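> Need coordinates for the below:
(6 chains, ligands or ions: 6)
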Amino acid sequence: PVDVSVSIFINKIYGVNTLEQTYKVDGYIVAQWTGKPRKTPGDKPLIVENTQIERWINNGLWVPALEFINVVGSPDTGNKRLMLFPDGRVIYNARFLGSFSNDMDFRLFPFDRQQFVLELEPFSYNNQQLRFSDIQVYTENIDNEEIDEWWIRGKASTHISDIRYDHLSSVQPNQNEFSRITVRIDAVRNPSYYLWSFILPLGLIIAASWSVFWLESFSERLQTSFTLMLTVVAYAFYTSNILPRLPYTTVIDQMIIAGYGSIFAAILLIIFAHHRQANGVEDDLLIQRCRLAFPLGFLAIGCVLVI
Amino acid sequence: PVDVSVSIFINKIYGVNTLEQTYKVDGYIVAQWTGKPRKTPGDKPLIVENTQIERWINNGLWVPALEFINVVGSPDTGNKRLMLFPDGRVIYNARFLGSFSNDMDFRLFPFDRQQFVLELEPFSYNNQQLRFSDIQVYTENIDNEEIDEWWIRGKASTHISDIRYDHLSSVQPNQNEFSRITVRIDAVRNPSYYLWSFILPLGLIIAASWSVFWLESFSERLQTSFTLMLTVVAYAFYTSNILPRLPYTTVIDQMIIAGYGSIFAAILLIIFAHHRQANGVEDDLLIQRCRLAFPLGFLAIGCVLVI
Amino acid sequence: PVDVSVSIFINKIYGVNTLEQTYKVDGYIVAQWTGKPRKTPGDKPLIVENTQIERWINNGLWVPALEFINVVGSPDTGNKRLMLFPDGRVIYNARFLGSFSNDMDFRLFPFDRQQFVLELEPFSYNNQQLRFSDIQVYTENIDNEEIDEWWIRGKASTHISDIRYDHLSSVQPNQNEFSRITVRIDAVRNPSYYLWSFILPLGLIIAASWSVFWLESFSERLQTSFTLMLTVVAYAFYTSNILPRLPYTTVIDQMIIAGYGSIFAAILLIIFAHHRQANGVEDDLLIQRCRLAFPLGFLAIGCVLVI
Amino acid sequence: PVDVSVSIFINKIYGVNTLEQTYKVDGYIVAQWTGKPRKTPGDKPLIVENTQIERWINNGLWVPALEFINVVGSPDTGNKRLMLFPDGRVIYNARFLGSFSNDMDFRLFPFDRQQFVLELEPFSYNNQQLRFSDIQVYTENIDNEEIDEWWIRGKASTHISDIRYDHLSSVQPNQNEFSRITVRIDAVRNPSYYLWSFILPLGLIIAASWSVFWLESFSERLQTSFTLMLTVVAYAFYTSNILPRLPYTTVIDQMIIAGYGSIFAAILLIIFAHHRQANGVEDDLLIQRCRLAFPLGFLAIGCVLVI
Amino acid sequence: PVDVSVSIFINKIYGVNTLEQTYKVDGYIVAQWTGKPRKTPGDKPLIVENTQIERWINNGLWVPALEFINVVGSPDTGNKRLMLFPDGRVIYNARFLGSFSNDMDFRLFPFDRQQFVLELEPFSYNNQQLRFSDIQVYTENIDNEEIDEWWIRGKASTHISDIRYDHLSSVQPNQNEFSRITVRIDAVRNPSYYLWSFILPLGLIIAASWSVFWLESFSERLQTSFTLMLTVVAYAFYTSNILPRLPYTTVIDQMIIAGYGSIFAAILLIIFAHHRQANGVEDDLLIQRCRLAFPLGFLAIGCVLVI
Amino acid sequence: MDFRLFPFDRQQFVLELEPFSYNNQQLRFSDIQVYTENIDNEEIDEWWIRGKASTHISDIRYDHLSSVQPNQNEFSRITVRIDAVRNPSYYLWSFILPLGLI
Ligand SMILES: CN(C)CCCN1c2ccccc2Sc2ccc(Cl)cc21
Ligand SMILES: CN(C)CCCN1c2ccccc2Sc2ccc(Cl)cc21
Ligand SMILES: CN(C)CCCN1c2ccccc2Sc2ccc(Cl)cc21
Ligand SMILES: CN(C)CCCN1c2ccccc2Sc2ccc(Cl)cc21
Ligand SMILES: CN(C)CCCN1c2ccccc2Sc2ccc(Cl)cc21
Ligand SMILES: CN(C)CCCN1c2ccccc2Sc2ccc(Cl)cc21
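Residues are numbered from 1 along each chain as shown, chains lettered A, B, ... in the order given. Ligands and ions are numbered 1, 2, ... in the order given. The structure is reproduced below:
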């Protein structure tokens, strides 16, 4: 029941696809397993590069297909080599680049925590078993990820479990448990760019929105309101175009509704101030001095969005 | 007249293409059919992985090409294995990723009901017949589909019918019936994001549009109208850019016309109020108090949009 | 001089590319031609699927390369079969998906008439001749094409002509005429979406533009003009982004200039009204009552845009 | 030292890529060269289609790899045939589609002159020499290209020169000159669409910008300026999105700065008028009558942009 | 321990991908290494083109797989030839096009300095050693890079170092040092386009923003502020859409915050001016004459952004 | 230096640095800082530099008496090379031309 050692060198993780819940991983994979001894030229181990490998299989060299369970579509394989040893053992080494899938919650958008994962498992073998898994990452955190998009937190999580597959296990009674290496790296999004260039401007806009109450007239207030309205619609548009498209509301996306809100509540106040009067036309004395009472009310409701 | 058992494990449905009426499906397919017994090494069944399979065909192993009738372009095949059994039976197992086509009505829009479908049928065989179909989906609904885009309603819809193809059935008299497995999954779009972030803002915009009648002057009313106009055009653009492009009007798209409408109706009243007079310049007394009569008229016309 | 029968099943025409003058067509092609009789296993005709076909060619089976004259780049071929008959005749059957080219005039944009076309012709044969062509389309019109983008008018246009190719016909004296099947389907664009959601809003905008003459002041008129100016630029942008990019002016694109026009003519009038006077400042009495004379002049010029 | 005749049929030139300086060309290529006579079936020349060609090379048929020096990435080869003649001569014929590169100056912009080019040269042969080159285009100019994007001026430029490659010419002393066919067709951009739909609207906007001086007040003038400012920013955005992205300023791009300029110059004037006075607040009498002096100054500076 | 000479002809570097930190490089690679002498037809060296090469390996011709360490996905190989010499030496010559990865700091932005890099290294050989590396670039700078996006500063830079790979070096004791050629070209971004068309317009906008202090009223000042606000949001959108997307703030991106800043500070002053008074309503005399004190304060803070 | 195209030269000025007695002491990275400008003042100056920065840092074999120390005789050599063009003004304006007239 073959023991297989596996090593995964991860070279680059890039191009998240928020909508498809998808990321790209470039790296090498290495499998090692000891077979029946053989005679090699010299006694040096033998090297078999690319095209030559498939020919060695036509002569009964077994090389197991190891599938990336969580890759979306067959990956781009660059180079592959076999290392056939005189004492039997065999090393398969190949570089890969593949788009891998995992569940990704982006609802806390500019402040994400994500988990990029590789799942390896033999394509047709249940008593060929993954001996031990080793993942070699060569980076550093917190560091260059001001230039880079993501903050890795954890280093190395491995598993190597057994998968059941209870469906048509009568196709082969008593044996349908496959050996699955699971590799998972934890990462955090770099919330600098999105605050310094999206969160902050929106707040200033929402703040300056409240300055509508320091307009003297009423016509001034209500008319100006509509310009604020436009300002948000403009800023929502700017937001939507550049930010990653999703099927839920992000934190930024919530703040954008808060804008739409404060402004439309202003209009109501601005108008109800006018027509809650003692005569026909007296703006209600205290009410349009919600000048430093809208900011408080907004900030109070902006402390329950957090919890 | 060969019996073929089929099983389809569905791994992920993603990337709808509203314009092309198209979706992507990643999963495995398994075919089982009993052939002339053979000697396998040992008596254990024989495994034939990838490249090796095509070689077994060159020696007279028959393996039927099973076509995805409704796939748009030949799909990406990842790994394939044969399981040759000593008692004859044979298992073809392969992972696929393909862009599939089906009719899709998106007119409702953010409140969709769609039907993702697979159609399998042998490419050149009419008395080789699909024994039974089993589809294995491993998800859950109503559930994680706040993080996910779609709400599946049904689980398992199957078909296994006979297709006629009456065109040049004299090419082979009396026999042109192909066995077609049809698999169809029902799903609902998640109408959260689009309400919370598109429907609602537009309503507020349309609502605040009506507040034009609470402007005192006429110049104030008529001038402000044009800013409301701009506000809709802005919001139509924002809408159009982010939402899926289609060749018909969505619900949102109608609401956008309702905006364009109310605002232009306002303009007419606002102006007709001014010149429907007893003197040269008297704004008509009751009319510019359609303040809480436009909201009713719009809302009345917005309850016949539903039925 | 070989006779070849051809039939073309058209499964889907999708993804027009206005700039490249290009459309996508998914379907099957079948060629039939009678060769030297042969012995098949049993007496049942022999089936040769995919990879196996190329092997049968290495043994001297002639299978002509049929080229799609007007396909842009070699198409995606999915499955192919040979049907070798004991009495000689041979059937080639294969599914294709390809991006095809044809001349396409889009100057009447939302109200198009187009002609989607396939041109088939053998790649190296002049006395192998296309016997008869049959095209099998299974749709219906006027019908589901509210859900679908296009309205097919004609059904079946076929040709099968002979192409001259007079360049280096001394490479082979007296014989350079190739047999070219021409298939062409006529279709009309569904002008609903573009009217109900683009043409109409623009008209309301242009209409409301004229309401500028019902402003009392001159400062009111001239200033408001600049907001109208903004509105068109906004609406031009919205138009351009969503509509298909082209190298000529569409109908919509002209109407957008008509907007740009009426508004800039207003400014001139609005200003010329102010200074075409008897005293220093008298707005010319009749002129700023081109209130219901710009609409007529615009509508008069909008009845010569048609013829 | 083999003589090779070449003919290039150009079927379609489409999809310019302004940033990459890149275009697509679909067409056929034909190479002819006389070899050692051979026995053909019959005495009719022998036809060898596609896959079969590579098999004939395995038996010592020499077929020179002809490289497209200026193609970006190996091109899409559609169909290929050999024509083996009994008298020796051999004809290679294949259809190609490839993305070709050339230096492209887009600074003029909507009034471009460009030169689309093919450069052919053998990949490993210096005394195999391109006998004569022939290019077959079947179009017409001026004519259609109101429907088409480009105006071809010249017809046929050919070269067939010798390339030096002085780098490691000691790898093979005395012989490193390769025979290079050069084909180049000259074309002009169709400056209708961009004038009628971009150039023109911008001028009207810039013109209407100047009408700011016919506002009576000063507050009217200065405030309106900012709407003009917004108006340009709006139109700059519209321009940028639709027009081809570049790393230099186009003519349109300059015109857009001219807008930004006149409007900001207006602001300066409008304000300097107010505070260049004999009292505290007297708008300078002649200066705010730069009404028909800004138009002249702009048009004067717009006649030195040309030379 | 094989000596390998390498030459790299670089034809074109294009299509930077700011987000993925990625660039495209098309060129040829040449490897030369002297093997056991052989008999060639004639005594002329033998040429082996494309497909024929792979056949020569099946007969024991060793051709080392040389990997591009920093290429993202296996590159597009166009044509390849072997030049087998009678005296043993062998030349591998092939054209490639590949997307290569390198670290790229885009924070400066329109005034970038970048370093485009190739890393070549044998895929399975440590005592096969890269003798010497030669890179052939044929351009000129400062020069056409007004038409071209980038200004190359340096010419060459080579390395040829030894890489350790200390992970599972017990797989082969005492020998795991691979020979890596490193090529790096230095380049500068051409900051003309981004200054002349982005930096400048923004400044004029920000400058004209300050002209808000020369408005007479207070209602005029505060209301106009909101139009300036809109103007920046507009310009941010325009900026964001066209400029390369990044995960950090560019220089332009900072300037956009400076706009958002000055305008919101204006609002505060404009409002604080009104209610820092001796009576109920006296605008503070000196303060609203920060007319030529905001420009200075902004320019003072804009000289600490540099250092 | 090839001077056969004299008044119209292209030359390559080069530095080669390498440790005098060390093979596993290795030149980590090389950086060369030139502070000039071209085409420019080189009407006053004799030469026109074209390229800026060429570096190498290779390993030199020295296969002669490598048994003096078996298995280790590869020295780390920085190579720096600058490309330059001769200023063909003076020699044309004052030599080429007069001779043609003659
Ligand atoms: C600043 N350094 C974190 C840069 C590394 C960025 N990189 C990455 C990118 C996007 C999402 C997640 C990751 S994690 C990761 C794990 C291994 C390796 Cl080799 C690279 C990465
Ligand atoms: C929403 N949760 C049910 C998650 C499922 C998302 N996913 C999906 C996406 C778009 C449209 C339809 C579906 S159904 C489906 C069926 C099987 C699998 Cl494996 C994935 C999916
Ligand atoms: C609207 N119903 C006619 C549905 C068909 C639409 N479809 C189509 C799409 C884009 C452009 C032209 C066409 S025509 C056509 C011809 C044959 C077939 Cl099989 C499909 C199509
Ligand atoms: C009607 N005529 C304008 C046709 C020319 C259009 N087409 C083209 C497109 C973009 C850039 C350059 C060209 S030139 C050209 C040369 C040969 C052929 Cl076959 C087509 C073209
Ligand atoms: C003015 N000419 C130097 C243009 C250089 C543009 N091009 C380039 C593009 C993007 C990043 C780096 C470079 S460098 C380079 C090196 C060789 C060649 Cl062939 C082209 C380039
Ligand atoms: C116009 N500038 C090129 C003047 C430089 C002349 N100078 C020089 C002289 C003879 C041959 C080559 C050079 S290059 C060079 C590189 C660096 C420095 Cl610091 C001086 C020089």
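
> quick check: domain ranges of chain A?
What curated CATH domains lists as the domains of chain A is A:1-190, A:191-307.

> Tell me which of the ones you listed approaches residue E:35 most closely.
domain A:1-190 (15.6 Å; CB to CB). In short, each C-beta sits where N, CA and C put it, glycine included.

> Would you work out how far apart the start and end of the closest one are?
Domain A:1-190 has an end-to-end distance of 46 Å (CA to CA, to the nearest Å).

> Then stretch A:59-71?
From start residue to end residue, stretch A:59-71 stretches across 30 Å - CA to CA.

> will you turn the domains of chain A into CSV that also has mean neighbour count?
Shown next, in CSV, are these (neighbours: other CB atoms under 10 Å in any protein chain shown):
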stretch, mean neighbour count
domain A:1-190, 17
domain A:191-307, 18
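
> which one of the ones you listed lies closest to ligand 6?
Ranking the domains of chain A by proximity to ligand 6 (CB to the nearest ligand atom) places domain A:1-190 first, at 32.5 Å.

> and that closest one, does that touch chain D?
No - using CB under 8 Å from any CB of the partner chain, domain A:1-190 stays clear of chain D, with a minimum separation of 15.3 Å.

> Is that domain in proximity to chain E?
Yes - applying CB under 8 Å from any CB, one finds domain A:1-190 touching chain E at A:7, A:9, A:12, A:14-15, A:26, A:30, A:32, A:45, A:47, A:49-52, A:55, A:76-79, A:81, A:83, A:91, A:93, A:95, A:97, A:134, A:136, A:144, A:146-149, A:190.

> Kindly identify which of those also come near ligand 6.
Filtering the residues of domain A:1-190 next to chain E for neighbours of ligand 6 using CB under 6 Å from any ligand atom leaves an empty set.

> among the domains of chain A, which is nearest residue B:301?
The nearest among these, by CB to CB, is domain A:191-307 at 21.7 Å.

> Just give the nearest non-adjacent residue to residue A:96, would you?
residue A:75 (5.0 Å; CB to CB, 6 or more residues apart in numbering or on different chains).

> Could I get the phi/psi values of that neighbour?
Main-chain torsions, residue A:75, degrees, to the nearest 10: phi -80, psi 160.

> returning to what we had before: among the domains of chain A, which comes closest to residue E:154?
Going by CB to CB, the one of the domains of chain A nearest residue E:154 is domain A:1-190, 21.7 Å.

> Any part of that closest one near ligand 2?
No - using CB under 6 Å from any ligand atom, domain A:1-190 stays clear of ligand 2, coming no nearer than 9.2 Å.

> show me where the stretch 101-250 of chain A has strands.
A:113-122, A:128-136, A:150-152, A:161-163, A:178-189 (DSSP state E, counting those that start in this stretch).

> Mind putting those into TSV with distance to chain C?
What follows is the strands of the stretch 101-250 of chain A, written out as TSV (distance: least, CB to the nearest CB, whole Å):
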stretch	distance to chain C
strand A:113-122	26
strand A:128-136	29
strand A:150-152	31
strand A:161-163	32
strand A:178-189	29
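
> Adding distance to residue B:299, write those out as JSON lines.
Converted to JSON lines, the strands of the stretch 101-250 of chain A look like this (distance: least, CB to CB, whole Å):
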{"stretch": "strand A:113-122", "distance to residue B:299": "44"}
{"stretch": "strand A:128-136", "distance to residue B:299": "60"}
{"stretch": "strand A:150-152", "distance to residue B:299": "48"}
{"stretch": "strand A:161-163", "distance to residue B:299": "56"}
{"stretch": "strand A:178-189", "distance to residue B:299": "42"}
